[PDB]
file entry36.pdb (PDB, N, CA and C atoms)
ATOM      1  N   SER A   1       5.394  -9.936  -0.619  1.00  0.00           N
ATOM      2  CA  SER A   1       5.179  -8.529  -0.298  1.00  0.00           C
ATOM      3  C   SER A   1       6.275  -7.660  -0.908  1.00  0.00           C
ATOM      4  N   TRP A   2       7.488  -7.797  -0.387  1.00  0.00           N
ATOM      5  CA  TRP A   2       8.623  -7.024  -0.880  1.00  0.00           C
ATOM      6  C   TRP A   2       8.388  -5.530  -0.687  1.00  0.00           C
ATOM      7  N   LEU A   3       9.389  -4.728  -1.037  1.00  0.00           N
ATOM      8  CA  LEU A   3       9.291  -3.280  -0.903  1.00  0.00           C
ATOM      9  C   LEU A   3       9.046  -2.882   0.549  1.00  0.00           C
ATOM     10  N   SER A   4       8.810  -1.594   0.773  1.00  0.00           N
ATOM     11  CA  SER A   4       8.563  -1.084   2.117  1.00  0.00           C
ATOM     12  C   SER A   4       9.752  -1.361   3.031  1.00  0.00           C
ATOM     13  N   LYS A   5      10.953  -1.126   2.515  1.00  0.00           N
ATOM     14  CA  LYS A   5      12.173  -1.348   3.282  1.00  0.00           C
ATOM     15  C   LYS A   5      12.277  -0.357   4.438  1.00  0.00           C
ATOM     16  N   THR A   6      11.654   0.805   4.273  1.00  0.00           N
ATOM     17  CA  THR A   6      11.676   1.836   5.302  1.00  0.00           C
ATOM     18  C   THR A   6      10.366   2.616   5.329  1.00  0.00           C
ATOM     19  N   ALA A   7       9.662   2.544   6.454  1.00  0.00           N
ATOM     20  CA  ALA A   7       8.394   3.246   6.607  1.00  0.00           C
ATOM     21  C   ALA A   7       8.107   3.546   8.075  1.00  0.00           C
ATOM     22  N   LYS A   8       9.157   3.555   8.888  1.00  0.00           N
ATOM     23  CA  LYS A   8       9.018   3.829  10.314  1.00  0.00           C
ATOM     24  C   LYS A   8       8.303   5.156  10.546  1.00  0.00           C
ATOM     25  N   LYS A   9       8.380   6.045   9.562  1.00  0.00           N
ATOM     26  CA  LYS A   9       7.738   7.350   9.656  1.00  0.00           C
ATOM     27  C   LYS A   9       7.971   8.166   8.388  1.00  0.00           C
ATOM     28  N   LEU A  10       7.879   7.503   7.240  1.00  0.00           N
ATOM     29  CA  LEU A  10       8.079   8.167   5.956  1.00  0.00           C
ATOM     30  C   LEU A  10       7.121   7.618   4.904  1.00  0.00           C
ATOM     31  N   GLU A  11       6.952   6.299   4.897  1.00  0.00           N
ATOM     32  CA  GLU A  11       6.062   5.649   3.941  1.00  0.00           C
ATOM     33  C   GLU A  11       6.432   6.027   2.510  1.00  0.00           C
ATOM     34  N   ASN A  12       7.292   5.222   1.894  1.00  0.00           N
ATOM     35  CA  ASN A  12       7.727   5.471   0.525  1.00  0.00           C
ATOM     36  C   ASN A  12       7.166   4.418  -0.426  1.00  0.00           C
ATOM     37  N   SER A  13       7.061   3.185   0.061  1.00  0.00           N
ATOM     38  CA  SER A  13       6.543   2.087  -0.745  1.00  0.00           C
ATOM     39  C   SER A  13       5.402   1.375  -0.024  1.00  0.00           C
ATOM     40  N   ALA A  14       5.070   1.859   1.167  1.00  0.00           N
ATOM     41  CA  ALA A  14       3.996   1.273   1.959  1.00  0.00           C
ATOM     42  C   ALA A  14       2.635   1.549   1.329  1.00  0.00           C
ATOM     43  N   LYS A  15       2.587   2.539   0.446  1.00  0.00           N
ATOM     44  CA  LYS A  15       1.347   2.905  -0.229  1.00  0.00           C
ATOM     45  C   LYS A  15       1.095   2.002  -1.432  1.00  0.00           C
ATOM     46  N   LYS A  16       2.136   1.298  -1.865  1.00  0.00           N
ATOM     47  CA  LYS A  16       2.027   0.394  -3.005  1.00  0.00           C
ATOM     48  C   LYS A  16       1.451  -0.952  -2.578  1.00  0.00           C
ATOM     49  N   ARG A  17       1.835  -1.406  -1.390  1.00  0.00           N
ATOM     50  CA  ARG A  17       1.357  -2.679  -0.866  1.00  0.00           C
ATOM     51  C   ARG A  17      -0.127  -2.601  -0.519  1.00  0.00           C
ATOM     52  N   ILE A  18      -0.578  -1.413  -0.133  1.00  0.00           N
ATOM     53  CA  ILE A  18      -1.976  -1.206   0.225  1.00  0.00           C
ATOM     54  C   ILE A  18      -2.829  -0.950  -1.013  1.00  0.00           C
ATOM     55  N   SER A  19      -2.199  -0.424  -2.060  1.00  0.00           N
ATOM     56  CA  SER A  19      -2.900  -0.128  -3.303  1.00  0.00           C
ATOM     57  C   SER A  19      -3.418  -1.408  -3.953  1.00  0.00           C
ATOM     58  N   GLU A  20      -2.911  -2.547  -3.489  1.00  0.00           N
ATOM     59  CA  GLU A  20      -3.321  -3.839  -4.025  1.00  0.00           C
ATOM     60  C   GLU A  20      -4.589  -4.335  -3.337  1.00  0.00           C
ATOM     61  N   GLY A  21      -4.612  -4.244  -2.011  1.00  0.00           N
ATOM     62  CA  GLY A  21      -5.768  -4.688  -1.256  1.00  0.00           C
ATOM     63  C   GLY A  21      -6.880  -3.657  -1.238  1.00  0.00           C
ATOM     64  N   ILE A  22      -6.503  -2.384  -1.221  1.00  0.00           N
ATOM     65  CA  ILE A  22      -7.477  -1.299  -1.203  1.00  0.00           C
ATOM     66  C   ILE A  22      -8.128  -1.122  -2.570  1.00  0.00           C
ATOM     67  N   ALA A  23      -7.442  -1.584  -3.610  1.00  0.00           N
ATOM     68  CA  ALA A  23      -7.956  -1.481  -4.971  1.00  0.00           C
ATOM     69  C   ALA A  23      -9.142  -2.415  -5.182  1.00  0.00           C
ATOM     70  N   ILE A  24      -9.066  -3.603  -4.592  1.00  0.00           N
ATOM     71  CA  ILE A  24     -10.134  -4.588  -4.716  1.00  0.00           C
ATOM     72  C   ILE A  24     -11.209  -4.369  -3.655  1.00  0.00           C
ATOM     73  N   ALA A  25     -10.798  -3.851  -2.503  1.00  0.00           N
ATOM     74  CA  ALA A  25     -11.725  -3.589  -1.409  1.00  0.00           C
ATOM     75  C   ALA A  25     -12.730  -2.507  -1.789  1.00  0.00           C
ATOM     76  N   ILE A  26     -12.270  -1.520  -2.551  1.00  0.00           N
ATOM     77  CA  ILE A  26     -13.131  -0.426  -2.983  1.00  0.00           C
ATOM     78  C   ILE A  26     -13.824  -0.757  -4.300  1.00  0.00           C
ATOM     79  N   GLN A  27     -13.133  -1.505  -5.154  1.00  0.00           N
ATOM     80  CA  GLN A  27     -13.683  -1.894  -6.446  1.00  0.00           C
ATOM     81  C   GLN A  27     -15.017  -2.614  -6.277  1.00  0.00           C
ATOM     82  N   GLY A  28     -15.205  -3.234  -5.116  1.00  0.00           N
ATOM     83  CA  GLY A  28     -16.439  -3.951  -4.849  1.00  0.00           C
ATOM     84  C   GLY A  28     -17.033  -3.601  -3.499  1.00  0.00           C
ATOM     85  N   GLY A  29     -16.771  -2.381  -3.038  1.00  0.00           N
ATOM     86  CA  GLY A  29     -17.291  -1.947  -1.754  1.00  0.00           C
ATOM     87  C   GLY A  29     -18.334  -0.856  -1.890  1.00  0.00           C
ATOM     88  N   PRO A  30     -18.650  -0.192  -0.768  1.00  0.00           N
ATOM     89  CA  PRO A  30     -19.641   0.888  -0.740  1.00  0.00           C
ATOM     90  C   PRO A  30     -19.154   2.140  -1.461  1.00  0.00           C
ATOM     91  N   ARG A  31     -17.853   2.198  -1.725  1.00  0.00           N
ATOM     92  CA  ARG A  31     -17.261   3.341  -2.408  1.00  0.00           C
ATOM     93  C   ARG A  31     -17.423   4.613  -1.580  1.00  0.00           C
TER
END
call {"tool": "encode", "arguments": {"input": "entry36.pdb", "output": "structure tokens"}}
result
Amino acid sequence: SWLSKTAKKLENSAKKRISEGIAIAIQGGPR
């Protein structure tokens, strides 16, 4: 995973970890 050292209420790198799963989830989802 890595990254996301701080996201208690800022989310600086938490959007990168999701961009991996959300990228494939939508790539083959209902869109």
call {"tool": "atom_distance", "arguments": {"input": "entry36.pdb", "atom1": "atom C of residue 15 of chain A", "atom2": "atom CA of residue 27 of chain A"}}
result
16.1 Å
call {"tool": "select_by_dssp", "arguments": {"input": "entry36.pdb", "residues": "chain A", "states": "alpha helix (DSSP H)", "output": "PyMOL selection string"}}
result
chain A and resi 14-27
call {"tool": "write_last_selection", "arguments": {"input": "entry36.pdb", "atoms": "N, CA and C atoms", "output": "mmCIF file, keeping the file's coordinate frame"}}
result
data_model
loop_
_atom_site.group_PDB
_atom_site.id
_atom_site.type_symbol
_atom_site.label_atom_id
_atom_site.label_comp_id
_atom_site.auth_asym_id
_atom_site.auth_seq_id
_atom_site.Cartn_x
_atom_site.Cartn_y
_atom_site.Cartn_z
ATOM 1 N N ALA A 14 5.070 1.859 1.167
ATOM 2 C CA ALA A 14 3.996 1.273 1.959
ATOM 3 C C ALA A 14 2.635 1.549 1.329
ATOM 4 N N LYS A 15 2.587 2.539 0.446
ATOM 5 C CA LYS A 15 1.347 2.905 -0.229
ATOM 6 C C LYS A 15 1.095 2.002 -1.432
ATOM 7 N N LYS A 16 2.136 1.298 -1.865
ATOM 8 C CA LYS A 16 2.027 0.394 -3.005
ATOM 9 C C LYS A 16 1.451 -0.952 -2.578
ATOM 10 N N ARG A 17 1.835 -1.406 -1.390
ATOM 11 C CA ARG A 17 1.357 -2.679 -0.866
ATOM 12 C C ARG A 17 -0.127 -2.601 -0.519
ATOM 13 N N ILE A 18 -0.578 -1.413 -0.133
ATOM 14 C CA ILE A 18 -1.976 -1.206 0.225
ATOM 15 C C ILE A 18 -2.829 -0.950 -1.013
ATOM 16 N N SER A 19 -2.199 -0.424 -2.060
ATOM 17 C CA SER A 19 -2.900 -0.128 -3.303
ATOM 18 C C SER A 19 -3.418 -1.408 -3.953
ATOM 19 N N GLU A 20 -2.911 -2.547 -3.489
ATOM 20 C CA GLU A 20 -3.321 -3.839 -4.025
ATOM 21 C C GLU A 20 -4.589 -4.335 -3.337
ATOM 22 N N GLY A 21 -4.612 -4.244 -2.011
ATOM 23 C CA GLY A 21 -5.768 -4.688 -1.256
ATOM 24 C C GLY A 21 -6.880 -3.657 -1.238
ATOM 25 N N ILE A 22 -6.503 -2.384 -1.221
ATOM 26 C CA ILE A 22 -7.477 -1.299 -1.203
ATOM 27 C C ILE A 22 -8.128 -1.122 -2.570
ATOM 28 N N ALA A 23 -7.442 -1.584 -3.610
ATOM 29 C CA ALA A 23 -7.956 -1.481 -4.971
ATOM 30 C C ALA A 23 -9.142 -2.415 -5.182
ATOM 31 N N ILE A 24 -9.066 -3.603 -4.592
ATOM 32 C CA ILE A 24 -10.134 -4.588 -4.716
ATOM 33 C C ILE A 24 -11.209 -4.369 -3.655
ATOM 34 N N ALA A 25 -10.798 -3.851 -2.503
ATOM 35 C CA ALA A 25 -11.725 -3.589 -1.409
ATOM 36 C C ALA A 25 -12.730 -2.507 -1.789
ATOM 37 N N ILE A 26 -12.270 -1.520 -2.551
ATOM 38 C CA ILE A 26 -13.131 -0.426 -2.983
ATOM 39 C C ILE A 26 -13.824 -0.757 -4.300
ATOM 40 N N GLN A 27 -13.133 -1.505 -5.154
ATOM 41 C CA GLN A 27 -13.683 -1.894 -6.446
ATOM 42 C C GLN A 27 -15.017 -2.614 -6.277
#
call {"tool": "atom_distance", "arguments": {"input": "entry36.pdb", "atom1": "atom C of residue 5 of chain A", "atom2": "atom CA of residue 24 of chain A"}}
result
24.6 Å
call {"tool": "residues_around", "arguments": {"input": "entry36.pdb", "residues": "residue 13 of chain A", "least_positions_apart": "6", "cutoff": "7 Å", "atoms": "all atoms listed in the file", "output": "CSV table (one decimal) with N, CA and C atoms, keeping the file's coordinate frame"}}
result
chain,number,residue,atom,x,y,z
A,3,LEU,N,9.4,-4.7,-1.0
A,3,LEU,CA,9.3,-3.3,-0.9
A,3,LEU,C,9.0,-2.9,0.5
A,4,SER,N,8.8,-1.6,0.8
A,4,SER,CA,8.6,-1.1,2.1
A,4,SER,C,9.8,-1.4,3.0
A,5,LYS,N,11.0,-1.1,2.5
A,5,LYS,CA,12.2,-1.3,3.3
A,5,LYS,C,12.3,-0.4,4.4
A,6,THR,N,11.7,0.8,4.3
A,6,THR,CA,11.7,1.8,5.3
A,6,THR,C,10.4,2.6,5.3
A,7,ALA,N,9.7,2.5,6.5
A,7,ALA,CA,8.4,3.2,6.6
A,7,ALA,C,8.1,3.5,8.1
call {"tool": "atom_distance", "arguments": {"input": "entry36.pdb", "atom1": "atom N of residue 29 of chain A", "atom2": "atom CA of residue 8 of chain A"}}
result
29.7 Å
call {"tool": "build_atoms", "arguments": {"input": "entry36.pdb", "residues": "segment 3-15 of chain A", "atoms": "N, CA, C and O atoms", "output": "short mmCIF file (atom, residue, chain, number, x, y, z; two decimals), in the frame of the given file"}}
result
data_model
loop_
_atom_site.label_atom_id
_atom_site.label_comp_id
_atom_site.auth_asym_id
_atom_site.auth_seq_id
_atom_site.Cartn_x
_atom_site.Cartn_y
_atom_site.Cartn_z
N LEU A 3 9.39 -4.73 -1.04
CA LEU A 3 9.29 -3.28 -0.90
C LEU A 3 9.05 -2.88 0.55
O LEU A 3 9.07 -3.73 1.45
N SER A 4 8.81 -1.59 0.77
CA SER A 4 8.56 -1.08 2.12
C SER A 4 9.75 -1.36 3.03
O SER A 4 9.59 -1.78 4.18
N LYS A 5 10.95 -1.13 2.52
CA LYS A 5 12.17 -1.35 3.28
C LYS A 5 12.28 -0.36 4.44
O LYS A 5 12.91 -0.64 5.46
N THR A 6 11.65 0.80 4.27
CA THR A 6 11.68 1.84 5.30
C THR A 6 10.37 2.62 5.33
O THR A 6 10.00 3.27 4.35
N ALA A 7 9.66 2.54 6.45
CA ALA A 7 8.39 3.25 6.61
C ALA A 7 8.11 3.55 8.07
O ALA A 7 6.96 3.76 8.46
N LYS A 8 9.16 3.56 8.89
CA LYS A 8 9.02 3.83 10.31
C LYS A 8 8.30 5.16 10.55
O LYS A 8 7.69 5.37 11.59
N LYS A 9 8.38 6.04 9.56
CA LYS A 9 7.74 7.35 9.66
C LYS A 9 7.97 8.17 8.39
O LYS A 9 8.23 9.37 8.45
N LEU A 10 7.88 7.50 7.24
CA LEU A 10 8.08 8.17 5.96
C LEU A 10 7.12 7.62 4.90
O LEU A 10 6.55 8.37 4.12
N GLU A 11 6.95 6.30 4.90
CA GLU A 11 6.06 5.65 3.94
C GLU A 11 6.43 6.03 2.51
O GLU A 11 5.95 7.02 1.98
N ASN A 12 7.29 5.22 1.89
CA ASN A 12 7.73 5.47 0.52
C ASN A 12 7.17 4.42 -0.43
O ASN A 12 6.83 4.72 -1.57
N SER A 13 7.06 3.18 0.06
CA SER A 13 6.54 2.09 -0.74
C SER A 13 5.40 1.38 -0.02
O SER A 13 4.84 0.41 -0.54
N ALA A 14 5.07 1.86 1.17
CA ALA A 14 4.00 1.27 1.96
C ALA A 14 2.64 1.55 1.33
O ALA A 14 1.65 0.88 1.64
N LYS A 15 2.59 2.54 0.45
CA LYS A 15 1.35 2.90 -0.23
C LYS A 15 1.10 2.00 -1.43
O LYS A 15 -0.02 1.94 -1.95
#
